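J.: My structure is stored as target_2.txt, with compact mmCIF, C-alpha atoms.
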# COMPACT_ATOMS: atom_id res chain seq x y z
CA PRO L 1 41.70 -17.20 12.49
CA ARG L 2 40.85 -20.89 12.94
CA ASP L 3 43.80 -22.97 14.18
CA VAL L 4 45.97 -22.81 17.31
CA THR L 5 49.11 -21.80 15.39
CA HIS L 6 47.51 -19.91 12.48
CA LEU L 7 45.53 -17.67 14.84
CA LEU L 8 48.79 -16.74 16.56
CA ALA L 9 50.65 -15.71 13.41
CA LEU L 10 48.04 -13.27 12.08
CA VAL L 11 47.78 -11.28 15.32
CA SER L 12 51.53 -10.86 14.96
CA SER L 13 50.98 -10.12 11.27
CA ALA L 14 48.89 -7.30 12.70
CA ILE L 15 51.52 -6.55 15.37
CA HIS L 16 54.09 -6.31 12.56
CA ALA L 17 51.93 -3.99 10.47
CA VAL L 18 52.12 -1.52 13.37
CA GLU L 19 53.32 1.97 12.50
CA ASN L 20 54.64 3.36 15.79
CA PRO L 21 53.54 1.35 18.87
CA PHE L 22 53.07 3.25 22.15
CA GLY L 23 52.27 6.26 19.98
CA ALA L 24 49.53 8.21 21.77
CA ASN L 25 47.27 7.83 18.72
CA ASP L 26 47.69 4.17 17.74
CA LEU L 27 48.48 3.05 21.30
CA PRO L 28 45.02 1.94 22.51
CA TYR L 29 44.71 -0.26 19.42
CA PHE L 30 48.19 -1.70 19.99
CA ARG L 31 47.10 -2.56 23.53
CA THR L 32 44.09 -4.50 22.24
CA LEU L 33 46.36 -6.27 19.78
CA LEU L 34 48.72 -7.22 22.62
CA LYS L 35 45.82 -8.46 24.73
CA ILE L 36 44.51 -10.55 21.83
CA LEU L 37 48.03 -11.92 21.40
CA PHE L 38 48.05 -12.76 25.10
CA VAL L 39 44.65 -14.48 25.05
CA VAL L 40 45.77 -16.56 22.08
CA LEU L 41 49.16 -17.44 23.60
CA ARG L 42 47.68 -18.46 26.96
CA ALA L 43 45.29 -20.78 25.12
CA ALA L 44 47.92 -21.64 22.51
CA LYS L 45 49.18 -24.30 24.94
CA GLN L 46 47.90 -27.11 22.70
CA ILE L 47 55.16 -24.16 15.39
CA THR L 48 57.52 -23.13 18.20
CA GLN L 49 59.22 -21.07 15.50
CA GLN L 50 56.10 -18.92 15.71
CA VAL L 51 56.18 -18.00 19.41
CA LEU L 52 59.86 -17.06 19.03
CA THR L 53 59.18 -14.37 16.41
CA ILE L 54 57.01 -12.49 18.92
CA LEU L 55 59.71 -13.02 21.55
CA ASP L 56 61.72 -10.91 19.09
CA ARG L 57 59.43 -8.38 17.39
CA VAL L 58 56.91 -7.97 20.23
CA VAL L 59 58.32 -8.70 23.68
CA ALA L 60 61.98 -7.76 23.26
CA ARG L 61 61.10 -4.87 20.95
CA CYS L 62 58.41 -3.25 23.09
CA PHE L 63 60.27 -3.97 26.33
CA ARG L 64 63.01 -1.67 25.03
CA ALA L 65 60.73 0.80 23.24
CA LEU L 66 58.75 1.04 26.48
CA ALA L 67 61.84 1.29 28.68
CA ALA L 68 62.18 4.79 27.23
CA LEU L 69 60.02 6.61 29.79
CA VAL L 70 62.00 9.83 29.29
CA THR L 71 54.21 9.29 26.47
CA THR L 72 51.18 8.06 28.43
CA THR L 73 52.49 4.50 28.75
CA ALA L 74 51.29 3.08 32.06
CA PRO L 75 53.13 0.67 34.37
CA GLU L 76 50.58 -1.88 33.19
CA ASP L 77 51.34 -2.49 29.53
CA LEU L 78 54.84 -3.21 30.83
CA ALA L 79 53.07 -5.84 32.92
CA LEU L 80 51.21 -6.84 29.78
CA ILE L 81 54.48 -7.45 27.93
CA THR L 82 55.80 -9.23 31.03
CA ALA L 83 52.68 -11.40 30.92
CA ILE L 84 53.02 -12.00 27.18
CA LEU L 85 56.57 -13.20 27.87
CA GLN L 86 55.22 -15.38 30.67
CA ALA L 87 52.59 -16.60 28.18
CA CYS L 88 55.31 -17.32 25.63
CA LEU L 89 57.82 -19.24 27.78
CA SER L 90 54.99 -21.57 28.84
CA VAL L 91 54.54 -22.97 25.33
CA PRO L 92 55.29 -26.72 25.66
CA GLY L 93 58.08 -26.60 23.05
CA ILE L 94 60.48 -23.78 24.01
CA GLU L 95 62.58 -25.48 26.69
CA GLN L 96 63.94 -27.58 23.81
CA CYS L 97 65.07 -24.22 22.41
CA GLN L 98 66.07 -22.33 25.57
CA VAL L 99 69.42 -21.42 24.04
CA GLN L 100 67.73 -19.45 21.26
CA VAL L 101 65.61 -17.40 23.66
CA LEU L 102 68.81 -16.08 25.26
CA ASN L 103 70.22 -15.20 21.85
CA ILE L 104 67.00 -13.35 20.97
CA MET L 105 66.73 -11.68 24.36
CA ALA L 106 70.41 -10.74 24.37
CA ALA L 107 70.26 -9.60 20.74
CA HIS L 108 68.01 -6.85 22.00
CA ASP L 109 69.70 -5.33 25.05
CA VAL L 110 66.91 -6.65 27.29
CA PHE L 111 68.92 -7.91 30.26
CA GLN L 112 70.80 -4.65 30.80
CA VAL L 113 67.75 -2.55 29.99
CA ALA L 114 65.91 -4.41 32.72
CA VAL L 115 68.58 -3.49 35.26
CA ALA L 116 68.65 0.08 33.96
CA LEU L 117 64.88 0.24 34.25
CA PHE L 118 65.08 -1.36 37.69
CA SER L 119 66.98 1.63 39.13
CA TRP L 120 64.44 4.14 37.89
CA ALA L 121 61.45 2.97 39.96
CA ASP L 122 62.25 5.04 43.07
CA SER L 123 55.39 8.29 45.89
CA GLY L 124 57.51 5.94 47.99
CA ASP L 125 56.64 2.74 46.08
CA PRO L 126 58.72 0.75 43.53
CA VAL L 127 56.04 0.07 40.90
CA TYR L 128 58.43 -0.34 37.97
CA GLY L 129 60.94 -2.13 40.18
CA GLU L 130 58.70 -5.09 40.95
CA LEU L 131 57.89 -5.17 37.23
CA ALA L 132 61.45 -5.22 35.89
CA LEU L 133 62.26 -7.82 38.54
CA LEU L 134 59.21 -9.95 37.64
CA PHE L 135 60.26 -9.69 33.99
CA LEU L 136 63.86 -10.70 34.71
CA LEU L 137 62.35 -13.35 36.96
CA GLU L 138 60.24 -14.62 34.07
CA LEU L 139 63.37 -14.77 31.90
CA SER L 140 65.29 -16.60 34.62
CA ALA L 141 62.47 -19.14 34.88
CA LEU L 142 64.67 -21.27 32.63
CA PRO L 143 68.38 -21.82 33.49
CA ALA L 144 69.79 -20.66 30.13
CA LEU L 145 68.92 -17.01 30.77
CA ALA L 146 69.48 -17.16 34.53
CA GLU L 147 73.01 -18.18 33.56
CA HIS L 148 73.40 -15.00 31.50
CA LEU L 149 71.87 -13.01 34.35
CA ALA L 150 74.30 -14.25 37.00
CA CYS L 151 77.12 -14.07 34.46
CA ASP L 152 76.17 -10.51 33.53
CA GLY L 153 76.11 -9.86 37.27
CA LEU L 154 72.52 -9.04 38.19
CA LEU L 155 73.08 -9.41 41.93
CA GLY L 156 75.97 -6.95 41.75
CA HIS L 157 73.93 -4.30 39.91
CA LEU L 158 70.86 -5.08 42.02
CA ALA L 159 72.29 -5.24 45.54
CA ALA L 160 73.88 -1.82 45.06
CA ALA L 161 70.56 -0.26 44.01
CA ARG L 162 68.60 2.03 46.31
CA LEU L 163 65.79 -0.52 46.05
CA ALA L 164 67.83 -2.56 48.51
CA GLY L 165 67.47 0.31 50.97
CA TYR L 166 63.76 0.12 51.83
CA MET L 167 64.04 -3.67 51.98
CA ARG L 168 66.81 -3.27 54.57
CA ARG L 169 64.68 -0.94 56.71
CA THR L 170 62.62 -2.19 59.65
CA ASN L 171 59.30 -1.10 58.15
CA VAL L 172 58.66 -3.95 55.72
CA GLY L 173 56.34 -6.94 55.63
CA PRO L 174 53.28 -8.61 54.06
CA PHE L 175 50.86 -6.54 56.11
CA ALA L 176 52.28 -3.00 56.14
CA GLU L 177 50.81 0.50 56.43
CA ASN L 178 51.75 2.42 53.27
CA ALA L 179 51.96 0.75 49.86
CA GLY L 180 55.67 1.05 49.07
CA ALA L 181 56.59 -1.04 52.09
CA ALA L 182 54.08 -3.79 51.35
CA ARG L 183 55.25 -3.78 47.75
CA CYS L 184 58.86 -3.63 48.93
CA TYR L 185 58.16 -6.87 50.80
CA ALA L 186 56.17 -8.27 47.89
CA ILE L 187 59.36 -7.81 45.90
CA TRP L 188 61.35 -9.81 48.48
CA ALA L 189 58.70 -12.52 48.47
CA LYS L 190 57.87 -12.63 44.76
CA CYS L 191 61.15 -11.63 43.05
CA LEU L 192 64.46 -12.31 44.86
CA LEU L 193 63.62 -15.51 46.72
CA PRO L 194 62.22 -17.13 43.56
CA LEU L 195 64.86 -15.43 41.37
CA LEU L 196 67.68 -16.73 43.58
CA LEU L 197 66.41 -20.28 43.19
CA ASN L 198 66.48 -19.86 39.41
CA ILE L 199 70.08 -18.66 39.19
CA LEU L 200 70.87 -21.38 41.74
CA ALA L 201 69.72 -24.01 39.24
CA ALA L 202 72.71 -23.06 37.07
CA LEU L 203 75.59 -24.53 39.07
CA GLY L 204 74.60 -23.03 42.41
CA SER L 205 78.01 -23.54 44.01
CA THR L 206 79.59 -20.97 41.68
CA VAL L 207 76.90 -18.39 42.42
CA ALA L 208 76.31 -19.67 45.97
CA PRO L 209 78.50 -16.82 47.25
CA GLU L 210 76.32 -14.24 45.49
CA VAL L 211 72.97 -15.62 46.62
CA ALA L 212 74.22 -16.04 50.18
CA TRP L 213 75.80 -12.58 49.97
CA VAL L 214 72.58 -10.85 48.89
CA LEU L 215 70.53 -13.02 51.27
CA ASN L 216 72.79 -11.82 54.08
CA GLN L 217 72.54 -8.18 52.94
CA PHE L 218 68.87 -8.26 53.95
CA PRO L 219 69.20 -9.57 57.52
CA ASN L 220 66.09 -7.78 58.82
CA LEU L 221 63.93 -9.74 56.39
CA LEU L 222 65.52 -12.99 57.54
CA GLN L 223 65.06 -12.15 61.21
CA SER L 224 61.52 -11.16 60.33
CA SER L 225 60.90 -14.23 58.16
CA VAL L 226 61.17 -16.65 61.08
CA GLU L 227 59.52 -14.42 63.68
CA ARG L 228 56.65 -13.54 61.34
CA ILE L 229 55.03 -16.89 62.15
CA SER L 230 49.24 -14.88 54.21
CA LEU L 231 50.68 -17.12 51.48
CA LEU L 232 53.70 -14.99 50.55
CA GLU L 233 54.84 -15.57 54.12
CA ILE L 234 54.70 -19.29 53.38
CA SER L 235 56.53 -18.96 50.06
CA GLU L 236 59.01 -16.79 51.97
CA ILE L 237 59.67 -19.63 54.43
CA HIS L 238 59.85 -22.10 51.54
CA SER L 239 62.44 -20.31 49.43
CA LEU L 240 64.63 -19.43 52.42
CA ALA L 241 63.76 -22.92 53.66
CA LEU L 242 65.72 -24.25 50.67
CA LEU L 243 68.17 -21.41 49.95
CA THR L 244 70.24 -22.25 53.06
CA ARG L 245 69.79 -26.03 52.86
CA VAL L 246 71.60 -26.33 49.52
CA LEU L 247 74.44 -24.30 51.03
CA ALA L 248 74.60 -26.93 53.79
CA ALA L 249 75.78 -29.59 51.32
CA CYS L 250 78.34 -27.84 49.10
CA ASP L 251 84.81 -20.11 50.23
CA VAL L 252 81.98 -17.63 50.82
CA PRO L 253 80.07 -16.41 53.94
CA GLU L 254 77.27 -18.51 55.43
CA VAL L 255 73.50 -18.13 55.85
CA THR L 256 72.84 -15.68 58.69
CA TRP L 257 69.42 -17.23 59.28
CA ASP L 258 67.88 -19.15 62.15
CA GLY L 259 66.06 -21.96 60.36
CA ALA L 260 65.87 -23.61 63.77
CA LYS L 261 62.66 -22.00 65.05
CA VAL L 262 61.09 -22.86 61.69
CA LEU L 263 60.70 -26.62 62.17
CA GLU L 264 58.82 -26.06 65.44
CA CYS L 265 57.00 -23.13 63.81
CA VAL L 266 55.42 -25.22 61.06
CA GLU L 267 53.86 -27.78 63.43
CA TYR L 268 52.34 -24.92 65.42
CA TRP L 269 50.45 -23.58 62.40
CA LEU L 270 49.60 -26.83 60.59
CA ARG L 271 47.88 -29.60 62.54
CA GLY L 272 44.42 -28.51 63.65
CA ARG L 273 43.51 -26.62 60.46
CA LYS L 274 41.23 -24.48 62.63
CA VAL L 275 43.52 -21.79 64.02
CA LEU L 276 44.63 -21.29 60.42
CA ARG L 277 41.23 -19.76 59.59
CA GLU L 278 42.45 -16.19 60.16
CA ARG L 279 45.56 -15.93 57.94
CA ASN L 280 38.81 -23.07 50.98
CA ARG L 281 41.26 -21.51 48.53
CA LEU L 282 43.67 -20.20 51.16
CA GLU L 283 44.16 -23.52 52.97
CA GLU L 284 44.17 -26.51 50.60
CA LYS L 285 46.89 -24.97 48.44
CA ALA L 286 48.13 -22.73 51.26
CA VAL L 287 48.65 -25.31 54.01
CA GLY L 288 49.94 -27.57 51.23
CA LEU L 289 53.22 -25.67 50.84
CA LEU L 290 54.34 -25.89 54.47
CA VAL L 291 53.94 -29.66 54.14
CA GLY L 292 57.14 -29.55 52.09
CA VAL L 293 59.04 -27.10 54.30
CA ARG L 294 59.03 -29.39 57.34
CA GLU L 295 60.28 -32.46 55.45
CA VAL L 296 63.56 -31.50 53.80
CA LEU L 297 64.76 -29.31 56.69
CA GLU L 298 64.25 -31.99 59.36
Mind converting the file's structure to structure tokens?
T.:
Amino acid sequence: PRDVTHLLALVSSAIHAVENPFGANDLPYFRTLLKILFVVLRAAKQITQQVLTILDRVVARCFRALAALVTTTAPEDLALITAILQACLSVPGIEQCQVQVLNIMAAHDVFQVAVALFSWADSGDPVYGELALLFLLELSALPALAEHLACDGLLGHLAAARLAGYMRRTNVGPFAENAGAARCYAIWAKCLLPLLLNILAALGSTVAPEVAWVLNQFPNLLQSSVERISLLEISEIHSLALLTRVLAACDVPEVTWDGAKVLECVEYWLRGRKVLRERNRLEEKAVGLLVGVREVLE
């Protein structure tokens, strides 16, 4: 344990020496191993053939082995694996090899297992749902896998899921009462909207029907999104603020949104930077986003 790349191989040499991960006995040690692996990987951002082996024998292995809920495996080590993946794909030298990631991730039945897993989330809250979506979202971060997602038909298997139900019900938003609703929104804000934009970056026109179709299947959220005016709210009116603009420059239904009120809704809550002090950290970066919204949509 001394170099950036050598330190990363031996933790996996330990992660390979594992007997039966997620086994109630040798689980808590496996967790620590994973966390060490994560710490290394996050700080392993300055050889690439090293981070790919764990994308095979760690991420894609455990993500299936863990998908079998059927021991005391929390909905947090799933997040850990999700975060290890996130830690992996951020290595400066994988985008050069994006095609191999898909082969590795598709070798294991990850993509389908994610959608399988996704259905199984629904105490009124979709804990595992947001996770499987964040995972698939982390895959789709790069176009090569988003391509396989759209091609495999994620939106078809997703839009038909009961998860769509609570999102379509007028009881959803950033600031909700019970958890499941707030999380149900958090999914809309943190999964779809950013996931759509990822599958859009793989010849959007072809999949434009799908993204518009799903976007239109959640009208309440759209009608809410404009009449809402936290940061998710801003990212919500930044994704939708670009998901209907691309469609305005390319055989499928249109965007049932009213991006009209938006332009005169940004100027209301921008200039002055005083009224914004009721929702520092949550202004410099926060107010920074809406600078972009009211520039491309003019």
J.: Would you mind listing what lies within 8 Å of residue 290 (chain L) as a PyMOL selection string, with only C-alpha atoms counted and same-chain residues fewer than 2 positions away left out?
T.: chain L and resi 234+238+266+270+286-288+292-294
J.: If we count all atoms listed in the file, what is near region 86-101 of chain L at a cut-off of 7 Å, once residues fewer than 6 positions away on the same chain are taken out, given as a ChimeraX atom specification?
T.: /L:38,41-42,45,48,51,138,144
J.: Would you mind telling me which residue in L:240, L:74, L:102, L:114 lies nearest to residue 133 (chain L) when using all atoms listed in the file?
T.: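 Closest residue, counting all atoms listed in the file: L:114.
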J.: What is the distance between CA of residue 181 (chain L) and CA of residue 154 (chain L), in Å to one decimal?
T.: 22.6 Å
J.: Residues near region 250-263 of chain L, anyone? I mean within 7 Å using all atoms listed in the file, not counting same-chain ones fewer than 3 positions away, as an MDAnalysis selection string.
T.: chainID L and resid 205 209 212:213 216 222:223 226 244 246:247 266 294
J.: So how far away is CA of residue 235 (chain L) from CA of residue 141 (chain L), in Å?
T.: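 These two atoms are separated by 16.3 Å.
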J.: For residue 9 (chain L), list every protein, DNA or RNA residue within 12 Å, evaluated using only C-alpha atoms, and leave out those in the same chain fewer than 6 positions away; present the list as an mmCIF file with C-alpha atoms, keeping the file's coordinate frame.
T.:
data_model
loop_
_atom_site.group_PDB
_atom_site.id
_atom_site.type_symbol
_atom_site.label_atom_id
_atom_site.label_comp_id
_atom_site.auth_asym_id
_atom_site.auth_seq_id
_atom_site.Cartn_x
_atom_site.Cartn_y
_atom_site.Cartn_z
ATOM 1 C CA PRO L 1 41.700 -17.200 12.490
ATOM 2 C CA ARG L 2 40.850 -20.890 12.940
ATOM 3 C CA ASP L 3 43.800 -22.970 14.180
ATOM 4 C CA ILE L 15 51.520 -6.550 15.370
ATOM 5 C CA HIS L 16 54.090 -6.310 12.560
ATOM 6 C CA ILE L 36 44.510 -10.550 21.830
ATOM 7 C CA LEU L 37 48.030 -11.920 21.400
ATOM 8 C CA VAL L 40 45.770 -16.560 22.080
ATOM 9 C CA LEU L 41 49.160 -17.440 23.600
ATOM 10 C CA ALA L 44 47.920 -21.640 22.510
ATOM 11 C CA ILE L 47 55.160 -24.160 15.390
ATOM 12 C CA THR L 48 57.520 -23.130 18.200
ATOM 13 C CA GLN L 49 59.220 -21.070 15.500
ATOM 14 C CA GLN L 50 56.100 -18.920 15.710
ATOM 15 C CA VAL L 51 56.180 -18.000 19.410
ATOM 16 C CA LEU L 52 59.860 -17.060 19.030
ATOM 17 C CA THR L 53 59.180 -14.370 16.410
ATOM 18 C CA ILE L 54 57.010 -12.490 18.920
#
J.: I'd like the contact shell of residue 199 (chain L) - 7 Å cut-off, all atoms listed in the file, skipping same-chain residues fewer than 4 positions apart - returned as a VMD selection string.
T.: chain L and resid 140 143 146 to 147 150 195
J.: Now that the selection is made, can you save its residues with C-alpha atoms as a compact mmCIF listing (two decimals), keeping the file's coordinate frame?
T.:
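Output contents, as saved in selection05.txt:
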# COMPACT_ATOMS: atom_id res chain seq x y z
CA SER L 140 65.29 -16.60 34.62
CA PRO L 143 68.38 -21.82 33.49
CA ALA L 146 69.48 -17.16 34.53
CA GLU L 147 73.01 -18.18 33.56
CA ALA L 150 74.30 -14.25 37.00
CA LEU L 195 64.86 -15.43 41.37
J.: Counting only C-alpha atoms, which of L:28, L:136, L:278, L:284 gets nearest to residue 116 (chain L)?
T.: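 Using only C-alpha atoms, residue 116 (chain L) sits closest to L:136.
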J.: For a test of reading the model, state the distance in Å between CA of residue 219 (chain L) and CA of residue 203 (chain L), rounded to one decimal.
T.: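 Value for the CA of residue 219 (chain L)-CA of residue 203 (chain L) distance: 24.6 Å.
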